[PDB]
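Everything below concerns the one structure shown next.
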Amino acid sequence: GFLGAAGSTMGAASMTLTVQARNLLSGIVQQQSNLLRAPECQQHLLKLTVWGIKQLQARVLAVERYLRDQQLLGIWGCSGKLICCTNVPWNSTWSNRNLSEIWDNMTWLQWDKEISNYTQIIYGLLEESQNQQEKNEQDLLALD
Amino acid sequence: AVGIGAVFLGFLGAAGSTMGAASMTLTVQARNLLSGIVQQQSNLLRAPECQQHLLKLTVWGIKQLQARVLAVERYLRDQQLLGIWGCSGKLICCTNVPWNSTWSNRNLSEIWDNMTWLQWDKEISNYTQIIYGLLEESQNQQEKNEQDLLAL
Amino acid sequence: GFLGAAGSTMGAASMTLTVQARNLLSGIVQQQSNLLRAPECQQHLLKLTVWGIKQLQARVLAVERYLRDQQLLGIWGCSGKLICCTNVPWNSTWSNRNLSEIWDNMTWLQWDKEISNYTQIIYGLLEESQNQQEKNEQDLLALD
Amino acid sequence: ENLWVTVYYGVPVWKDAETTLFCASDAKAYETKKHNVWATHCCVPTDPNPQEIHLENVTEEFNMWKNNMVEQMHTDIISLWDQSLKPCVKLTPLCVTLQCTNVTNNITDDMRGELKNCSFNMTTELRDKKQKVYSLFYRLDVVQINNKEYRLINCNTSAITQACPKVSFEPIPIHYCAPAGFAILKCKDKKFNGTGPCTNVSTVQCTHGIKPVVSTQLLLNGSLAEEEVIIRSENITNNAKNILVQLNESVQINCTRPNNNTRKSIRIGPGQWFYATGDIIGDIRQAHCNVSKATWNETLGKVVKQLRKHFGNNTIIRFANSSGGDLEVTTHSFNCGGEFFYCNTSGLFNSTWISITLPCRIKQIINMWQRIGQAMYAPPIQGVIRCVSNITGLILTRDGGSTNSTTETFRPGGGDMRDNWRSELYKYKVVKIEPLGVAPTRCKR
Amino acid sequence: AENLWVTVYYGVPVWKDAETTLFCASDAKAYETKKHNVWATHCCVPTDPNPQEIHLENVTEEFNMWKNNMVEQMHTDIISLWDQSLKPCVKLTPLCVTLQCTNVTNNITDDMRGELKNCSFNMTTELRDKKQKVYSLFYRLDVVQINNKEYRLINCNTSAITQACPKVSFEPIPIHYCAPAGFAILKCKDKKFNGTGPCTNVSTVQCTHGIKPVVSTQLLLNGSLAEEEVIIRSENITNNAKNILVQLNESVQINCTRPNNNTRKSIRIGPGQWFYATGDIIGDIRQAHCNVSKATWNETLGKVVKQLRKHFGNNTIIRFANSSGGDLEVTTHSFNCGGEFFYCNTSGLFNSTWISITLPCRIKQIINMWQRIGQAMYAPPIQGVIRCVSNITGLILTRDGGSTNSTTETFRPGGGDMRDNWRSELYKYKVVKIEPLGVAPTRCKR
Amino acid sequence: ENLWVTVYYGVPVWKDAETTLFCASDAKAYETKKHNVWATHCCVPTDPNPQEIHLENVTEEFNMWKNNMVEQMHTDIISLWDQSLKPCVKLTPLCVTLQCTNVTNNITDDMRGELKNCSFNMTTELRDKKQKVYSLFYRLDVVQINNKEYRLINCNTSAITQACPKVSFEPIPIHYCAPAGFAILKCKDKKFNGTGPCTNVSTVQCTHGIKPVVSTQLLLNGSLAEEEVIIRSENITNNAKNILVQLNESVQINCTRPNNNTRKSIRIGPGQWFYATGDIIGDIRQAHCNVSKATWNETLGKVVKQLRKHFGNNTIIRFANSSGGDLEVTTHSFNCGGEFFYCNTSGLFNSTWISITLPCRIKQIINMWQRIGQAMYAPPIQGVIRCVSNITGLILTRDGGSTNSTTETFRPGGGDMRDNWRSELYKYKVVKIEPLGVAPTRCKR
Ligand SMILES: *[C@@H]1O[C@H](CO)[C@@H](O[C@@H]2O[C@H](CO)[C@@H](O[C@@H]3O[C@H](CO[C@H]4O[C@H](CO)[C@@H](O)[C@H](O)[C@@H]4O)[C@@H](O)[C@H](O[C@H]4O[C@H](CO)[C@@H](O)[C@H](O)[C@@H]4O[C@H]4O[C@H](CO)[C@@H](O)[C@H](O)[C@@H]4O)[C@@H]3O)[C@H](O)[C@H]2NC(C)=O)[C@H](O)[C@H]1NC(C)=O
Ligand SMILES: *[C@@H]1O[C@H](CO)[C@@H](O[C@@H]2O[C@H](CO)[C@@H](O[C@@H]3O[C@H](CO[C@H]4O[C@H](CO)[C@@H](O)[C@H](O)[C@@H]4O)[C@@H](O)[C@H](O[C@H]4O[C@H](CO)[C@@H](O)[C@H](O)[C@@H]4O)[C@@H]3O)[C@H](O)[C@H]2NC(C)=O)[C@H](O)[C@H]1NC(C)=O
Ligand SMILES: *[C@@H]1O[C@H](CO)[C@@H](O[C@@H]2O[C@H](CO)[C@@H](O[C@@H]3O[C@H](CO[C@H]4O[C@H](CO)[C@@H](O)[C@H](O)[C@@H]4O)[C@@H](O)[C@H](O[C@H]4O[C@H](CO)[C@@H](O)[C@H](O)[C@@H]4O)[C@@H]3O)[C@H](O)[C@H]2NC(C)=O)[C@H](O)[C@H]1NC(C)=O
Ligand SMILES: *[C@@H]1O[C@H](CO)[C@@H](O)[C@H](O)[C@H]1NC(C)=O
Ligand SMILES: *[C@@H]1O[C@H](CO)[C@@H](O)[C@H](O)[C@H]1NC(C)=O
Ligand SMILES: *[C@@H]1O[C@H](CO)[C@@H](O)[C@H](O)[C@H]1NC(C)=O
Ligand SMILES: *[C@@H]1O[C@H](CO)[C@@H](O)[C@H](O)[C@H]1NC(C)=O
Ligand SMILES: *[C@@H]1O[C@H](CO)[C@@H](O)[C@H](O)[C@H]1NC(C)=O
C-alpha cells in the first residue's frame with residue numbers, strides 16, 4: 001500500500017521507497033487516461049469550463065512540483081537515485097542523538113517534525129558541495 | 001544491392017528494418033516526442049492573428065492544452081521508469097535481469113537479423129509487465145548494496 | 001544574484017550556473033504558491049476564461065522548454081551535470097581565439113553571438129559521439 | 001560520530017494541504033439515468049473495491065470545522081446546480097398580471113385558501129397573437145397587487161428559470177478522490193468528537209459515497225453513529241454555534257402529497273414550453289409527514305442523556321420549536337419526489353426532560369442556496385407522491401441568555417448547507433505527500 | 001545457462017493504434033486577404049510550405065476506413081465551426097409574425113408557378129415604440145399556411161432562426177489535419193486500395209492532403225479521383241443497410257445556375273441589427289437547374305456497373321432507380337452553390353437497367369443543418385445571378401435488398417449523415433501513437 | 001591546439017522574446033475593494049521588496065516603439081473592461097421616443113441649451129404595465145428625430161449597457177511581472193529618448209507600478225523625467241508620427257463639476273434597475289478645469305527649447321488648437337470621480353515662440369475604446385465632483401504640410417491609447433533565458 005510504511009521505523013520504511021516515487025506520476029496518467037473510459041465523460045465535462053481549468057491546474061502543478069524535486073536532486077548530485085550519500089557532515093545542532101534512536105524504533109513522520117526549519121540550511125550546503133565537486137572533476141580530466 | 005549502409009529516410013524510416021539495423025536511429029525516434037511539441041508551438045508565432053483568434057474558442061483551447069499536458073505526462077512516466085531501472089540517461093541499457101526462454105525462445109542471430117521491431121513487440125507483448133517488475137527488483141537490490149560498501 | 005554575472009567574463013560567470021539553472025523551475029512553483037496568500041482571486045480569475053487559458057499555456061510551455069533542454073543533455077551523455085566534457089574536438093573554424101581570450105576578456109553574451117552559426121553543427125556532433133560511446137559500452141559488457 | 005547527510009527520496013511523510021478533488025461515482029449504479037444531474041456531471045467511475053490501508057501507530061489531528069473539503073463540496077454543488085439549469089426555458093414571459101380566484105372544489109378546510117386558480121394573458125409562437133391560459137398556484141408563490149390581481153412572487157426581485165423537465169436531482173452517492181501527490185486520511189475512531197487527535201487512522205484513495213441530500217433542521221439519509229448518539233460542535237459553551245447531533249439508530253419518516261395532479265403543457269414561444277399545474281383529480285388534502293411517536297420519544301431521550309453529560313446531571317433540558325424567520329429555515333425542507341415540501345416540526349420539539357403528524361406545504365418557486373436573484377421554478381410532478389426517508393441527525397441551537405443557566409432550551413436550526421456536509425466529511429482529511437527527506441548515515445561519498 | 005540478458009532500448013520505432021485530437025491547419029496564403037471565411041478564420045494555423053513524406057519500405061499495416069476516428073473528429077469539428085460562426089449574428093426572432101402573402105405572378109414561367117410568394121408584415125424598428133411595414137419575397141418551401149393569405153415562417157413551431165452574418169463565406173478551402181507530437185499519420189498508397197485490410201506501400205506523413213469540406217447529399221463533389229479503376233468501397237457489400245460509396249476514376253461536370261437576377265433589401269430591425277430580405281426580381285422568373293452531359297453520364301454509370309457486378313455476378317441485372325423516402329435532405333442532391341441552398345432532383349440520372357440532362361432545382365433559405373432541429377439558419381439572399389461548375393467525383397448509393405432473390409437488384413441513390421463524405425476522403429489515413437520504449441535479449445550485463 | 005567542446009548549463013545569456021506577462025497589484029492596496037476592476041482582477045500579491053540587480057558592463061538595445069509589453073497592456077485593459085460590464089443591466093428598453101424640453105431653471109449663460117429634460121414611456125416589472133418617467137440628459141447623448149421628439153444617440157448603432165454602479169474604475173497601480181524563464185530588463189539611463197542602447201541596465205522581476213489612466217492629449221499621473229524635458233518619437237523627421245513629451249516638473253490641473261446632482265432609481269424589469277439623473281439641486285453651471293497660467297507658460301517654454309534642439313535654432317515655433325474630428329480626439333479627455341469630461345484645450349496651445357480656465361462638457365454615453373459596435377452608459381454620480389491631477393506629459397503632432405520658412409506648428413494629438421502606455425513602458429524590455437552553451441576547454445572524458 002502507498003503509505004503503508006508510514007508507521008514503520010525509518011530503517012524499515014526505507015526498504016520500500018520506490019512505490020512512493022512511482023505513484024507521483026503513474027497515478028496521474030492512469031487517472032486521466034485509463035480511468036476516463038467512457039468517451040461521453042470527457043465530452044460532457046469539457047462543457048464545464050471552470051472544472052476543466054481547475055483540473056488542468058492541478059495536473060500542471062503536480063508536474064511542476066515533481067520536476068522541481070528532480071531538478072534539486074540533480075543539482076545535489078543525487079540524480080537517478082532513491083538513496084544518495086553525500087559529503088556534507090551531519091551537525092549535532094540539527095539533531096543530537098544516537099544513530100540507533102534515529103534509524104530504528106522511530107518513524108519518518110516523527111523525524112521530519114524534529115528536523116523542521118534546519119531543512120533550508122541543509123539544502124544550501126548540498127548545492128555548494130556539488131559545485132565544488134564538478135569543478136574538481138573538470139580540472140582532473142584536463143591533466144592526462 | 002540492399003543491406004549495405006544504415007541510412008534511413010527520415011523519422012520512421014527504420015520501421016521496416018531489422019532490429020539490429022534500427023538501433024542506428026534511436027536518437028531520431030527519441031527527440032521527436034518532445035522537440036516536436038516545442039516546434040509546433042513556435043510555429044504559431046508565424047501568425048499572431050491566429051493565436052488571438054484561437055483564444056476565442058474555449059473548447060479548442062482546452063482540448064489542445066489537455067493534449068499537451070498529457071503528452072508531457074506520458075513522457076515523464078517513461079523517463080521515471082528508466083530512472084527506476086537504473087537506465088536513466090541512456091538510449092541503450094544493459095541490466096542484470098537474465099532472459100527467460102519462456103518469454104521468447106529464439107536465437108540472437110534470428111532476432112537481430114530477421115525480426116523487425118514491429119514484430120518483436122507483438123511476440124514479447126505478454127511478458128512486458130513481468131519484465132518491468134523484474135527490472136525494478138534488480139535496481140532496488142543494487143542501491144542498498146552500494147550504500148553498505150560506502151559504509152564499510 | 002540572478003544574471004548578476006552577465007557582465008562577468010566567461011570564466012568567472014561559471015560560478016553562478018546554479019543560480020540560473022534553479023530559476024527555470026523554482027520561479028514557477030513560487031509564483032503559484034504566492035497566490036495562496038489571496039485565495040479570493042484564485043476563484044475570481046477562473047471566470048476569466050481567456051486568462052485561465054493563457055496562464056496555463058505559459059506554464060505548460062515553460063515546462064516543455066525545460067524538458068527539451070534536459071532531454072538534450074541526456075542524449076549527449078551530460079544528464080545530471082551543470083558542467084560536462086565530451087570527446088568532440090574543438091574546430092578552429094568555429095572560433096580561432098586563444099583560451100586567454102575566451103575564458104577571460106569576454107562575456108557569455110558576446111561569445112554566444114560569436115559562434116551562433118555553428119550551434120546546430122556542434123549539437124549534431126555531440127549526439128554522434130554519444131551514440132558511439134553507448135554502442136561501445138554495450139559491446140564491452142558482452143565480453144565478460 | 002562522523003555521520004554524514006544523506007538524501008532519501010520516496011519518504012512516506014505528509015503535510016496538511018488544500019487541493020482540488022475529483023468527483024467520481026459508481027457507473028453501473030446510475031443504471032442509464034444520465035438525466036440525473038449528479039451522475040452526468042460526475043461521470044468518471046470509481047474503482048471497484050476501493051482500498052484502505054490501515055496505518056499502524058500513526059496518530060493524526062483532524063478538525064471538521066476548518067476542513068476545506070466541506071467548502072469545496074459546497075461550491076461544487078452550487079456550480080453543478082447552476083449549470084444544470086443553464087440550458088433551459090426562462091419564464092420572463094410569465095411575469096404578467098394574474099386574475100385569481102379560490103380553488104373551492106372538493107377541498108378540505110385544512111387547505112382553504114391554500115390554492116389559487118389564476119388566469120392570464122401569455123404569448124404564443126407568433127408575436128402577434130396572445131392566448132388565455134390558467135394554472136393552479138400554491139398561495140406561497142403568489143402575491144396580491146394593491147383582491148383579484150396577483151403576481152408571481154419574484155417579479156420584483158428576480159428572473160425565474162424553469163427547471164429542466166427531464167432532469168432528476170435525486171441524490172446518488174458521490175465519492176471525492178485525491179489527485180496523485182495527495183492522499184486522504186480517514187479517522188475511524190469511535191466516539192470521535194470532530195476536533196481531537198485520532199488514534200485509528202487509515203489511508204484511502206477516495207471517500208465513501210456521500211449522498212448530497214439537501215435539508216434543514218433534520219438531516220436525512222446520512223451516516224449513523226455506531227456506539228451511541230454523538231454530539232459535536234465547534235464550541236459547546238458558545239450558544240452562537242450550531243450543534244450537530246448524529247444518531248446511532250435511524251428514525252423513519254413517511255411523507256406524502258395525496259393530491260393527484262395532471263400537468264398541462266403550454267407553448268410560450270418558438271421551441272419554448274412552460275409546464276403548468278393543470279387541475280387536481282379527486283379531493284384536495286394536505287401534504288404531511290408521519291414520524292413514529294415511540295421511536296421519536298426514545299431518540300430524544302438518548303440525545304438528552306448526552307446533552308446532560310455536557311450541561312449537568314440536574315440541568316433541565318427543554319426542547320422547543322424554531323424561531324421566526326424565512327420559511328426556508330423555520331421549517332424542515334425535503335426536495336423529495338421533485339416537490340419542495342416545507343414541513344412544520346413543532347410537533348417534534350415540545351417537551352421538558354428531567355404517530356406524530358407534521359403538516360407540510362408545497363412551494364414551487366424557490367431559492368435554494370440562499371442567493372437572491374436566481375429563482376427556480378419547479379415543474380409540477382404528476383400523480384401522487386410518497387417518500388420514505390431515514391432521519392440520521394439533527395441540527396440544534398441553544399438559546400443561551402437564561403439566568404444563571406438554571407435550565408437550557410434547544411431548538412431546531414441549521415439552514416447553512418455547509419453543516420449538512422460537515423456531518424459526513426468530519427472523518428476525512430487531505431494531505432500532501434512530501435517525498436524528499438534528509439537523515440544521517442554511517443557512509444561517505 | 002545460455003547467458004542472455006535483458007536490454008532496454010529507448011527510441012525504438014514502433015507504434016500502436018490510437019485516438020487523439022488532431023489540429024486543423026490551412027495554407028498560409030489560403031488567407032488570400034480573405035478572413036471572413038468559416039474555414040480560414042478558425043483553421044488559421046499555417047502549414048509547412050514544403051510538406052514531406054517518408055516512404056516506409058517493408059511495412060504492411062492494416063487500415064480500416066469504417067472505424068477511422070479521424071472521420072469522427074471532422075464531423076465534430078465541422079459542426080462546431082458552423083455553430084461558432086453563427087453565434088455573433090442577428091437572431092431574427094422579430095420575424096416570427098403573421099405574414100400576409102399573395103402569389104408572385106409577374107413574368108412567371110409555368111414551372112415557377114406558385115414557387116415564390118410576396119409577403120408583407122409588421123416588424124420592429126430602431127425604436128421599440130415604432131413598427132414598420134415591410135415586404136419581401138420568400139420561397140414557398142419556407143412558408144406555411146396558418147389554417148389562404150395568412151402564413152408564417154416554417155420554423156415558428158420549432159426553433160429560433162438566426163441569420164448568417166452576410167460577410168462570411170462558407171466556400172470550402174483545403175484543410176490539412178496534422179498530428180500532435182508523439183503521433184504520426186500513416187498513409188496507404190495502394191493504387192487500388194479497397195478499404196478494410198492490409199496495405200503495402202505505407203508512408204508516414206505529418207499532415208493529410210488538403211481536403212475540401214464540401215457538403216452534399218447524393219453526388220460527391222470536388223473530391224479526389226481513383227487512378228486506375230472505379231472503386232466500390234463498402235463496410236459490408238451484401239448488407240443492404242450499408243452504403244456502396246462509389247468513387248470514380250474520372251470526373252464529370254455539372255453546370256448549376258440560379259438564373260434570376262435578385263436584389264437585396266436591407267432593413268434595420270433594432271439597435272445595431274439588420275435583416276436581409278429578398279427584393280424584387282429583375283427580369284423574368286425562371287427555375288434553378290443543373291446540367292450534365294448525357295453521354296458522359298452514361299459512360300461513367302456503365303463503368304460503375306462493370307465494377308459493381310464483381311460482387312454480384314456476370315449474369316445479374318443492375319438497375320438504377322430515382323430514390324425515395326424522407327424530406328428533401330435525403331431525396332434530392334443538396335450542395336450550396338454560391339452560398340444559396342440548392343436541392344436538385346436527380347431522378348433523371350438514375351433511370352436505366354443494365355444487362356444533355358437537365359435536373360430541375362429548388363432553392364430554400366431556412367436551413368436545418370446536420371439533421372438537427374434545435375437551431376435553424378436563415379441564408380441571406382445573394383444579389384445578381386449565381387453560376388458554378390462542379391466536379392462529380394463520387395456517388396453514395398444503397399442497395400434496396402433482394403426480394404424473391406430474383407436476378408435483378410436495385411441500386412438507388414442514397415443519403416445519410418455527413419460522415420460518409422468524410423470517409424470518402426479519409427480512407428487513406430490512420431493515426432498511430434509512437435511507443436519508444438522496448439526490450440530485447442543481448443549478451444551484455446553490468 | 002588540443003581543445004574540446006565543453007557543455008555548460010546555467011549560462012547567463014538571454015535573447016529578445018515575446019511572452020505573456022501577468023498582472024500583480026499590491027496586496028495591502030486591495031483593502032476591501034472587491035468592486036474595483038483593477039483590484040479584483042489582479043489580486044496576485046507583489047513582492048513587498050522588488051529586487052533590482054544592476055548589471056555591470058551590459059549594454060542592451062531597447063526599442064519602445066516596437067515593444068510587446070505595450071501591446072499586451074492594451075489588449076488586457078480592453079478585456080478587463082469588457083468583462084466588468086458584462087454582468088450588468090442592458091438598457092435596450094430605453095431606446096424609445098423621448099419627449100424633451102430645455103432645462104431653463106437658474107441656468108447661467110454658459111449652459112443654456114446644454115441640458116435637456118426628457119420624459120418617456122418605459123417598461124416596468126410586469127409586462128402588462130407601463131410607467132411614465134423622466135430624467136435629465138446632456139445634449140450629446142440625445143439626438144433629434146426630424147420637433148420635441150428625440151432618441152438616444154446610440155439607437156441606430158448598438159445596444160448600450162449600463163455600467164454596474166458599485167464598480168469603480170479608479171486607477172490602481174499595477175505591476176507587470178515576468179513568468180519564470182523570462183526576465184525584465186530596465187534602463188536607468190538619464191536622458192534616454194528610446195530606440196538605442198542603454199549603458200546602465202538592471203534586472204527586475206516586475207515593473208514599477210503603472211496607473212492605467214485612460215486619457216487623451218495630455219497625459220495625467222505618469223512619471224516625471226529626472227533632469228530635463230525629454231522628447232521622444234519614432235521618427236522626429238516624419239510628420240505622421242506622434243511626439244511624446246515627458247516633463248521633469250508637474251503642472252497641477254483642478255477639475256470640477258459644480259452641479260449638485262441627484263440620482264434616482266427606476267425599476268425596469270425583474271431584478272433590474274436603471275439609474276437616471278434627477279433634478280439638480282442648486283444653480284446650473286458649466287464643468288471646467290483650471291491650469292495655473294504662470295506654471296503652464298514656463299512648462300511650455302521648456303518644451304520649446306527641447307524642440308529647438310531637434311529643429312533649427314531660428315525656427316518660429318507655434319502652438320495651435322487641434323484640428324477637427326471626433327470629440328474624443330479634439331478635446332482633452334478624462335474620467336474624474338467616475339464621470340466623463342471632454343475639455344477645450346485651445347486655451348493652452350495658442351502661442352508663438354521666438355489662472356487659465358478650460359470649459360468642459362460632460363457626456364454619459366461612452367464609446368471608450370473607439371469600437372463602433374459597443375457602448376456604455378455611465379450612471380450619474382450624486383453630488384458635486386472635484387479632482388486634482390498631475391500633468392506629466394503631452395502628445396503633440398507636428399502640423400507639417402511642408403510649411404516653409406521654418407515655422408513649425410504643433411497641435412495636440414492623441415487617440416491611440418497605446419501611446420499613453422508607451423510613456424511608462426519605454427524603459428522595459430522582455431527577454432528569455434537560454435541556459436545552454438558550449439565553449440572550448442582542454443578537458444576530455
Ligand atoms: C467546386 O469547385 C468549383 C471551382 O473552385 C467551385 O466553383 C467556384 O465557386 C466560387 C464561389 O461561389 C466562385 O467564386 C465567385 O465568383 C463570382 C463571379 O464573378 C465573376 O464576374 C465578376 C464581374 O461581374 C468578376 O469581378 C469576378 O472576378 C468573376 O469573373 C464572384 O463575384 C465572387 O466574388 C464575391 O464573393 C466572394 C466570396 O468570398 C468575395 O470574396 C468577393 O469579394 C465578392 O464579394 C462581393 O461581391 C458580391 C456580389 O456583388 C457581394 O454580394 C458581396 O457582398 C461583396 O461586395 C466569387 O469570386 C467561382 O467563380 C466558381 N468557379 C467555377 C468554375 O464555377 C464550386 O462552387 C465547388 N462546388 C462545391 C459544391 O463546393
Ligand atoms: C432517502 O432514500 C430513499 C430511498 O431509500 C428515497 O426514496 C426514493 O425516492 C425515489 C425518487 O423520488 C423514488 O423513485 C420513484 O418511484 C416511483 C414509484 O412508482 C411505482 O408505481 C408506479 C405506478 O403507476 C409505477 O409506474 C412505477 O414504475 C413504480 O413501480 C416511480 O414512479 C418514479 O419514476 C417516475 O418519476 C421519475 C422522476 O425523476 C421519472 O424519471 C420516471 O421516468 C417516472 O416518471 C421513481 O422511480 C423511490 O420509490 C423512493 N423510495 C422510497 C422507499 O421512498 C428518499 O427520497 C431519500 N430522501 C431524500 C430527502 O432524498
Ligand atoms: C490623479 O491622481 C489623483 C490623486 O489620487 C486623483 O484624484 C482623486 O480621485 C479619487 C477618485 O475620484 C477621489 O476619491 C473620492 O473622494 C471623495 C471625497 O472624500 C473625502 O472624505 C473622505 C471621508 O469620507 C476622506 O477620506 C477623503 O480624503 C476626502 O476628504 C469620496 O467621497 C469618494 O468616495 C465615493 O466614490 C467612490 C468611487 O466611486 C466610492 O467607492 C465610495 O463608496 C463613495 O461613493 C472618493 O473616495 C480623491 O479625493 C481625488 N484626490 C483629490 C486630491 O481630490 C485623480 O483622479 C487622478 N487622475 C486621473 C485622470 O486618474
Ligand atoms: C525550529 O524547530 C524547532 C523544533 O524543535 C522549534 O522549537 C523552533 O522554535 C523552530 N524555530 C523557529 C524560528 O520557528
Ligand atoms: C567590468 O570591467 C572591469 C574592468 O576593470 C572589471 O574589473 C569588472 O569586474 C567588470 N564587471 C564585471 C561584472 O565583471
Ligand atoms: C473489400 O471490401 C469488402 C467489403 O464489402 C470485404 O468483404 C473484402 O474482403 C475487401 N477486400 C479485400 C482484399 O480485403
Ligand atoms: C414583366 O412583364 C412586363 C409585361 O407585362 C414587361 O414589360 C417587363 O419588362 C417584365 N419584367 C421585366 C423587369 O423586364
Ligand atoms: C535618440 O537617441 C539615439 C541615440 O541614443 C539617436 O540615434 C536618435 O536619433 C535619437 N532620436 C530618436 C527620437 O530616436
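Following the order of the C-alpha cells, chains are lettered A, B, ..., residues in each are numbered from 1, and ligands are numbered from 1.
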Please report as an MDAnalysis selection string which residues of chain E come no farther than 8 Å from chain F, using only C-alpha atoms. chainID E and resid 126:129 270:273
Once you have the residues from the selection above, write them out as a compact mmCIF listing (two decimals), in the first residue's frame, restricted to N, CA and C atoms.
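Output contents, as saved in out.txt:
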# COMPACT_ATOMS: atom_id res chain seq x y z
N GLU E 126 -35.73 50.75 -35.12
CA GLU E 126 -34.66 51.09 -34.20
C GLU E 126 -35.22 51.38 -32.82
N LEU E 127 -36.40 52.00 -32.77
CA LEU E 127 -37.01 52.33 -31.51
C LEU E 127 -38.03 51.27 -31.23
N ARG E 128 -38.18 50.92 -29.97
CA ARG E 128 -39.15 49.89 -29.62
C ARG E 128 -40.59 50.39 -29.72
N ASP E 129 -40.75 51.69 -29.86
CA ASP E 129 -42.06 52.32 -29.99
C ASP E 129 -42.59 52.33 -31.40
N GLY E 270 -33.37 46.71 -35.39
CA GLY E 270 -33.11 47.05 -34.00
C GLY E 270 -31.79 47.79 -33.85
N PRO E 271 -31.33 48.02 -32.63
CA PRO E 271 -30.17 48.81 -32.29
C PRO E 271 -28.88 48.12 -32.64
N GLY E 272 -28.56 48.17 -33.93
CA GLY E 272 -27.40 47.50 -34.48
C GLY E 272 -27.74 46.21 -35.20
N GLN E 273 -29.01 45.95 -35.43
CA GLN E 273 -29.36 44.72 -36.12
C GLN E 273 -30.04 44.99 -37.43
With a cut-off of 9 Å and counting only C-alpha atoms, select all residues of chain E in contact with chain B and give the selection as a PyMOL selection string. chain E and resi 2-15+20-23+28+41-47+53-60+84+180-183+204+434+436-446
Restrict the distance test to only C-alpha atoms, flag each residue of chain C within 10 Å of chain B, and return the flagged residues as a VMD selection string. chain C and resid 49 to 54 56 to 57 60 to 65 67 to 80 127 to 128 130 to 132 134 to 135 137 to 138 141 to 142
Resulting file, chosen residues, C-alpha atoms, as a PDB file, in the first residue's frame:
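Full text of result-v9.pdb as output:
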ATOM      1  CA  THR C  49     -11.618  32.070 -19.304  1.00  0.00           C
ATOM      2  CA  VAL C  50      -9.144  33.752 -21.572  1.00  0.00           C
ATOM      3  CA  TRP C  51      -6.670  34.479 -18.758  1.00  0.00           C
ATOM      4  CA  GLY C  52      -7.093  30.957 -17.476  1.00  0.00           C
ATOM      5  CA  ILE C  53      -6.067  29.519 -20.771  1.00  0.00           C
ATOM      6  CA  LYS C  54      -3.259  31.962 -21.381  1.00  0.00           C
ATOM      7  CA  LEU C  56      -1.823  27.627 -18.371  1.00  0.00           C
ATOM      8  CA  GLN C  57      -0.301  27.873 -21.781  1.00  0.00           C
ATOM      9  CA  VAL C  60       2.928  24.397 -19.918  1.00  0.00           C
ATOM     10  CA  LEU C  61       5.318  25.900 -22.365  1.00  0.00           C
ATOM     11  CA  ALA C  62       7.842  26.685 -19.671  1.00  0.00           C
ATOM     12  CA  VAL C  63       7.805  23.027 -18.726  1.00  0.00           C
ATOM     13  CA  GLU C  64       8.150  21.869 -22.292  1.00  0.00           C
ATOM     14  CA  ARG C  65      11.139  24.100 -22.914  1.00  0.00           C
ATOM     15  CA  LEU C  67      12.343  19.357 -20.588  1.00  0.00           C
ATOM     16  CA  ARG C  68      13.635  19.843 -24.084  1.00  0.00           C
ATOM     17  CA  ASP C  69      16.935  21.085 -22.712  1.00  0.00           C
ATOM     18  CA  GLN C  70      17.136  18.254 -20.243  1.00  0.00           C
ATOM     19  CA  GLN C  71      16.447  15.652 -22.891  1.00  0.00           C
ATOM     20  CA  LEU C  72      19.154  17.087 -24.992  1.00  0.00           C
ATOM     21  CA  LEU C  73      21.712  16.908 -22.202  1.00  0.00           C
ATOM     22  CA  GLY C  74      20.665  13.337 -21.645  1.00  0.00           C
ATOM     23  CA  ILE C  75      21.232  12.485 -25.298  1.00  0.00           C
ATOM     24  CA  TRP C  76      24.709  13.985 -25.197  1.00  0.00           C
ATOM     25  CA  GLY C  77      25.557  11.962 -22.061  1.00  0.00           C
ATOM     26  CA  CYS C  78      25.521  15.027 -19.672  1.00  0.00           C
ATOM     27  CA  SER C  79      22.477  14.222 -17.626  1.00  0.00           C
ATOM     28  CA  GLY C  80      22.833  15.370 -14.063  1.00  0.00           C
ATOM     29  CA  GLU C 127      24.911  13.319 -30.473  1.00  0.00           C
ATOM     30  CA  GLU C 128      27.031  11.179 -32.740  1.00  0.00           C
ATOM     31  CA  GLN C 130      27.446   9.673 -27.563  1.00  0.00           C
ATOM     32  CA  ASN C 131      25.901   7.086 -29.834  1.00  0.00           C
ATOM     33  CA  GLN C 132      29.265   5.582 -30.499  1.00  0.00           C
ATOM     34  CA  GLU C 134      26.987   3.732 -25.814  1.00  0.00           C
ATOM     35  CA  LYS C 135      27.422   1.149 -28.506  1.00  0.00           C
ATOM     36  CA  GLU C 137      29.931   0.001 -23.806  1.00  0.00           C
ATOM     37  CA  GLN C 138      27.218  -2.397 -24.883  1.00  0.00           C
ATOM     38  CA  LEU C 141      29.937  -5.660 -21.399  1.00  0.00           C
ATOM     39  CA  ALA C 142      29.161  -8.636 -23.647  1.00  0.00           C
TER      40      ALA C 142
END
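Take atom CA of residue 123 of chain A and atom CA of residue 185 of chain D: the distance between them is 29.5 Å.
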Could you please extract the residues within 8 Å of ligand 2, counting only C-alpha atoms and all ligand atoms, and hand them back as a PyMOL selection string? chain D and resi 166-171+213-215+220-221+254+334-338+381+385-390
Output of the above residues as a short mmCIF file (atom, residue, chain, number, x, y, z; two decimals), in the first residue's frame, restricted to C-alpha atoms:
data_model
loop_
_atom_site.label_atom_id
_atom_site.label_comp_id
_atom_site.auth_asym_id
_atom_site.auth_seq_id
_atom_site.Cartn_x
_atom_site.Cartn_y
_atom_site.Cartn_z
CA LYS D 166 -36.32 15.67 -17.61
CA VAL D 167 -33.58 16.34 -15.10
CA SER D 168 -33.51 14.47 -11.89
CA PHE D 169 -31.95 15.85 -8.77
CA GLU D 170 -32.16 12.60 -6.82
CA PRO D 171 -29.02 12.24 -4.62
CA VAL D 213 -29.04 15.43 0.37
CA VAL D 214 -30.36 18.91 0.85
CA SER D 215 -32.34 19.56 4.01
CA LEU D 220 -31.94 12.77 6.13
CA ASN D 221 -30.25 9.61 4.67
CA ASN D 254 -43.15 8.76 5.82
CA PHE D 334 -37.29 17.82 1.73
CA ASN D 335 -36.80 18.28 -2.01
CA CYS D 336 -38.32 14.75 -2.50
CA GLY D 337 -40.20 13.37 -5.46
CA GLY D 338 -39.35 16.57 -7.26
CA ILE D 381 -44.89 16.36 -10.77
CA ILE D 385 -46.01 11.32 -4.30
CA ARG D 386 -44.82 9.22 -1.43
CA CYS D 387 -41.31 9.27 0.17
CA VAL D 388 -39.89 7.21 2.99
CA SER D 389 -36.69 8.58 4.47
CA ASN D 390 -34.24 7.93 7.36
#
